[PDB]
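Working notes, structure below.
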Amino acid sequence: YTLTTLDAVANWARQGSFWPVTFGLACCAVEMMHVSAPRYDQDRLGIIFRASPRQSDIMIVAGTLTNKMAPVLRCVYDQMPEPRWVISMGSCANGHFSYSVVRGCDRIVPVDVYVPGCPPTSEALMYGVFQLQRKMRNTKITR
Amino acid sequence: XXXXXXXXXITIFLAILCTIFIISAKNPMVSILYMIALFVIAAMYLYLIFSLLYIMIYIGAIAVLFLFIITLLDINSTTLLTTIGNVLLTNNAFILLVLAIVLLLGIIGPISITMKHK
Amino acid sequence: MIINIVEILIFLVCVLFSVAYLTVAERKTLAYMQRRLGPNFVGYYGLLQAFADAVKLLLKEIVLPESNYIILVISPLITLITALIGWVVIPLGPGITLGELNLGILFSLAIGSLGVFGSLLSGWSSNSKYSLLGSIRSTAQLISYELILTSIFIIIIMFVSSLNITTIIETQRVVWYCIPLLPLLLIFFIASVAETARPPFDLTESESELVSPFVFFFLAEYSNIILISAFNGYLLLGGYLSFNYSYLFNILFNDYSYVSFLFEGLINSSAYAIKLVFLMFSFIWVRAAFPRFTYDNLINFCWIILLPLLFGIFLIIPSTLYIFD
Amino acid sequence: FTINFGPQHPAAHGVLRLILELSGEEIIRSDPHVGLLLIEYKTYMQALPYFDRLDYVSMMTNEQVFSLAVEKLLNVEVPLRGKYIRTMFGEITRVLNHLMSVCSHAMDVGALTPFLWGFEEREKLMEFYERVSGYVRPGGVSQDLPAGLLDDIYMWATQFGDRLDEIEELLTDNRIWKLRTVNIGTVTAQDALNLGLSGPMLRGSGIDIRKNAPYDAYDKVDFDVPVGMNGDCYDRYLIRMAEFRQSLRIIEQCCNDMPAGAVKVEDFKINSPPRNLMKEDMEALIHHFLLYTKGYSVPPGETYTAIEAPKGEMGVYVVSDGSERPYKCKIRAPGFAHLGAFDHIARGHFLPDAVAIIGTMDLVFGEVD
Amino acid sequence: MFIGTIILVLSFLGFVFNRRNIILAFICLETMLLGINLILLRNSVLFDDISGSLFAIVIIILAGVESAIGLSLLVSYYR
Amino acid sequence: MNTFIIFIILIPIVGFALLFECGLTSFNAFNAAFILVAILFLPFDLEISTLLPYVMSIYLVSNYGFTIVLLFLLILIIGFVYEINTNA
Ligand code: SF4
Ligand code: SF4
Ligand code: SF4
């Protein structure tokens, strides 16, 4: 084929222009606020996807998750377009165990990249963003 | 030469089709859009200044109002360029004064029809 | 007609590129005010952000699951045509753009009414749900300030006469901008940010009830910014009009006849770019230092204060022209 | 006509599903519902780091009220330098909470520049959060302050205050921001007392747990009376902006002792502080490991010690049966008084007005529960 | 001339084929006003110089008043 | 054969044109004195648009008759706002 580059030209443009949705729930929401502030102002730039979520492709679940919040998270992914990617920020979403709070967000929405921490720092979420950027580039290999 | 300019009688062929489309159109939403299109067809005929005079008032205000009322009120069921000012401001100055008078009623009328003030 | 088809293309290419690039320019200038930095990673210089954003939405997905799915796609097309047809009547010299129409001023006013018409077709789709009555509030705000621009238009024609944009620029030669209209210039700038979508007034129309065509809506939006910005320029600011009295001195020193060395057409365009870019810049720090209005406060600012004020200005403009003639 | 004000992301992030019955041309009929979001099961020491995760921004001040509530139940609480590291840090985390609240208001109310200017200064406070902690404990504090803590405060103390007058000069001197905030906010004083409001939520009109009956070391340091003319959102913001300057004027007047003094709490039990000589002083290892394994018991009795934090009245109802961990722990928070006061106050305004209410009212999803 | 007359005809027939609608009649009356103007403007150009075009602007003002009046009437109705 | 050709910007636009619901409660307002603002735009827009030909035809006429029209319209904006205002 030789010109296999056209499949990656769209990918390099996708990872640098991607618009993430702020699903701010609790503590991780403001660590993400510090991220989307003077830190992720170069290639992130995406927000406002509540009005949609037909617009924006990357879903960042940042914060805690209640047993009653389950139909809302499921619907956001359903209202999202076909090239949808998911990022799980925070211990509450990753795995905090309660009877009023669900054990994991994986039961609701399948996640591509998981970001650990309580709360994960400005550098912690940013790295998780670059790992998902690498997954969009079709380079997902076992480390 | 210029066969398309001679066959520009297509305006009557388009107007008869456009007006028969305003009646046939189910829901007023399509009928107003077709009224705008019919006025744009008439504007294209005024190329054969009044085109731009019509687009600014008829399409610009009248048609905008026609769409503003249907979306809100549910209702439903199934040397100088042509001047003009030389006569209206000097000779027909009486009509100019009365045209301001007809415009008094134009804004005062709805104010005494849909008010309910205390 | 190869001479005319190449002439339009180079103008359209530069206009569309300038419209797209402003999305990066606004992003970087707002960043400097907020103490942060604009785009850096994209391209090489950080200037390829606009193209990358456009290409991202070209792949995307369909919005098929409908309420006349032809009418919902009709609105972003109608906003694009009015924006581009608006540009064909904005010259900068004797006849820079072919739309040297014998009634140029009205062409801009005929379009400024269609940008309102297309707006109520946008949020119209999908019943009364998701505020159709909220989308109609934006179009009612639109018609209010549309009257202000037309009232300012007639004010400029009251001073210079003739419906030609080229003749409007030619008369303003003595005073650069229309100087006896400095508060009216700020009023037309306040109406410029009000008519088009800039946070003060864009927030009222796009931020309220839970709030492919995205590359269009934002293109026509940014087109409407520069369109009304340059549009303000020929009415007031005075494009082409660079150096005064010291213009003829510099030109006649080393040119002899005129030659194919047409510097005239270059200096003027560079002056007009500065005229609109300074207004475009003014359109950017108003995003930064300004809060938000309420719908009822919008109409109260226009219909109650702005409209009877302008009524007085054009009422005295022929009476003050009656004495000196 | 009824609408659900943002299923998520209403003002900043929220989450709140506010069923506002928006009657003809927006008049508002409030029906909040929401109130979404172990302290008993976990031990007395285990409950403390789990407690601060209510109000994320004022987490250190959220820790302070619970630490004082356990102190009152224990009836043993006298640190000196360990008490100095509470008034300073309590008025540092106060800057943090007041930043988020004012910025969340400004974010939706156009002005995006003060919103980012707020988070920019916050990064300078992160050094005071990471280098010291990694914090407020019932027996004092988690650990000792570093050498580069008191030696470099002037880098923040002088550079901040002038930047506070850049956010203030951008909001208070306005037409757009001023006319709205003056009109909105139905602070009817008597009904506002009946609704159980607190802090900048009730002292806006001119009505304080921080003063008069003060909590540890706050007693000696100077505090000015925040005036507040009218009962509206503009005065509410002015009080928060006056509290901003108040939170800075204290630090300079509280800059005393700090390096070398009282570590945490003096005895064998209630968090052992040897660190270096814990191997030589091994007779306290049976005590040290017991605080982590089983946990020390507390006397039975109903206690409630309300403390005014940056948001408002953060009160802990620590009730123990006699065991290591308390029987029931209740959190009477101002964020729960938000949803309680939303009706009647917002009832009689418009939809875009109903967003600016939250900014002054102060809302945190975690703190609500 | 022949265009405006045919527009007037179809609109007058469309008015008396309303199907209760009400909203259709307002659109029809506006197009009848447009039909009269086009035949007058054609006559104005055929005759030459401003006289007919003056009365054409007069109809444009009266039609605009007629539309604003008739639409406010619908608002008085449907309470 | 044609002049300027605006359709050459319309043709690429035509070419480009060709190429269960959850999360919220809905399905189910009359803003009263809001339609009147639009109803008032039509004559107010007419008022300024009708002035346009008189504005073009200056330095040939006497402005006293030209001023009279505007005075009648000033009495109107006064006859509206002082009577009922914008209706908050
Ligand atoms: S970090 Fe704290 S949270 Fe994780 S295991 Fe250690 S003790 Fe538990
Ligand atoms: S993970 Fe820890 S950090 Fe995020 S919300 Fe949960 S409690 Fe907060
Ligand atoms: S804990 Fe184990 S070793 Fe230590 S005192 Fe008891 S028995 Fe002796």
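If you're wondering about the labels, chains in the structure tokens are A, B, ... by order shown, residues count from 1 in each chain, ligands from 1 in order shown.
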
Next on the checklist: So that I can check the surroundings of residue 264 (chain C), please list as a VMD selection string every protein, DNA and RNA residue that reaches within 10 Å of it, counting only C-alpha atoms and ignoring chain neighbours fewer than 4 positions away.
Outcome noted: chain C and resid 93 240 251 258 268 to 269

Next on the checklist: Counting only C-alpha atoms and all ligand atoms, what are the residues, protein, DNA or RNA alike, that approach ligand 3 to within 10 Å? I want them as a ChimeraX atom specification.
Outcome noted: /D:282-287,289-290

Using only C-alpha atoms, which residues of region 25-74 of chain F come within 9 Å of region 65-69 of chain B, and what is the closest atom pair for each, with the distance in Å to one decimal? Give it as CSV, sorted by chain and residue number.
residue,atom,partner,partner_atom,distance
F:35,CA,B:69,CA,7.4
F:38,CA,B:65,CA,6.5
F:39,CA,B:65,CA,6.9
F:41,CA,B:65,CA,8.6
F:42,CA,B:65,CA,7.5

Next on the checklist: Within 8 Å of chain F, which residues belong to chain D? Use only C-alpha atoms and report them as number ranges by chain.
Outcome noted: D: 1, 3-4, 7, 23-25

Hey, can you spit out that residue selection with N, CA, C and O atoms as an mmCIF file, in the first residue's frame?
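Output file part17.cif is given in full below:
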data_model
loop_
_atom_site.group_PDB
_atom_site.id
_atom_site.type_symbol
_atom_site.label_atom_id
_atom_site.label_comp_id
_atom_site.auth_asym_id
_atom_site.auth_seq_id
_atom_site.Cartn_x
_atom_site.Cartn_y
_atom_site.Cartn_z
ATOM 1 N N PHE D 1 -44.450 24.594 32.678
ATOM 2 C CA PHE D 1 -43.158 24.342 32.048
ATOM 3 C C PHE D 1 -42.104 23.998 33.104
ATOM 4 O O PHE D 1 -41.921 24.753 34.063
ATOM 5 N N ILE D 3 -37.960 22.239 33.752
ATOM 6 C CA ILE D 3 -36.616 21.916 33.250
ATOM 7 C C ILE D 3 -35.708 21.400 34.372
ATOM 8 O O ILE D 3 -35.861 21.811 35.524
ATOM 9 N N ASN D 4 -34.745 20.529 34.027
ATOM 10 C CA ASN D 4 -33.773 19.989 34.979
ATOM 11 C C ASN D 4 -32.401 20.636 34.761
ATOM 12 O O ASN D 4 -31.619 20.174 33.928
ATOM 13 N N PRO D 7 -27.883 18.168 33.940
ATOM 14 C CA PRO D 7 -27.748 16.815 34.525
ATOM 15 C C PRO D 7 -26.363 16.581 35.141
ATOM 16 O O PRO D 7 -26.195 15.709 35.993
ATOM 17 N N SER D 23 -41.696 28.492 35.265
ATOM 18 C CA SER D 23 -42.996 29.008 34.827
ATOM 19 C C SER D 23 -42.828 30.206 33.890
ATOM 20 O O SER D 23 -41.854 30.947 34.026
ATOM 21 N N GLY D 24 -43.778 30.357 32.960
ATOM 22 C CA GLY D 24 -43.864 31.398 31.933
ATOM 23 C C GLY D 24 -42.894 32.561 32.012
ATOM 24 O O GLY D 24 -43.014 33.407 32.903
ATOM 25 N N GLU D 25 -41.929 32.604 31.061
ATOM 26 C CA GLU D 25 -40.861 33.609 30.916
ATOM 27 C C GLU D 25 -39.919 33.694 32.140
ATOM 28 O O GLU D 25 -39.415 34.772 32.470
#

Checklist entry - Near residue 79 (chain F), within 12 Å and counting only C-alpha atoms, which residues show up once chain neighbours fewer than 4 positions away are dropped, as a VMD selection string? => result (chain B and resid 104 to 105 107 to 109 111 to 112) or (chain C and resid 308) or (chain F and resid 72 to 75 83 to 85)

Next on the checklist: Show me which residues are within 10 Å of ligand 1 counting only C-alpha atoms and all ligand atoms, and format the list as an MDAnalysis selection string.
Outcome noted: (chainID A and resid 91 96 117:118) or (chainID D and resid 46 49:50)
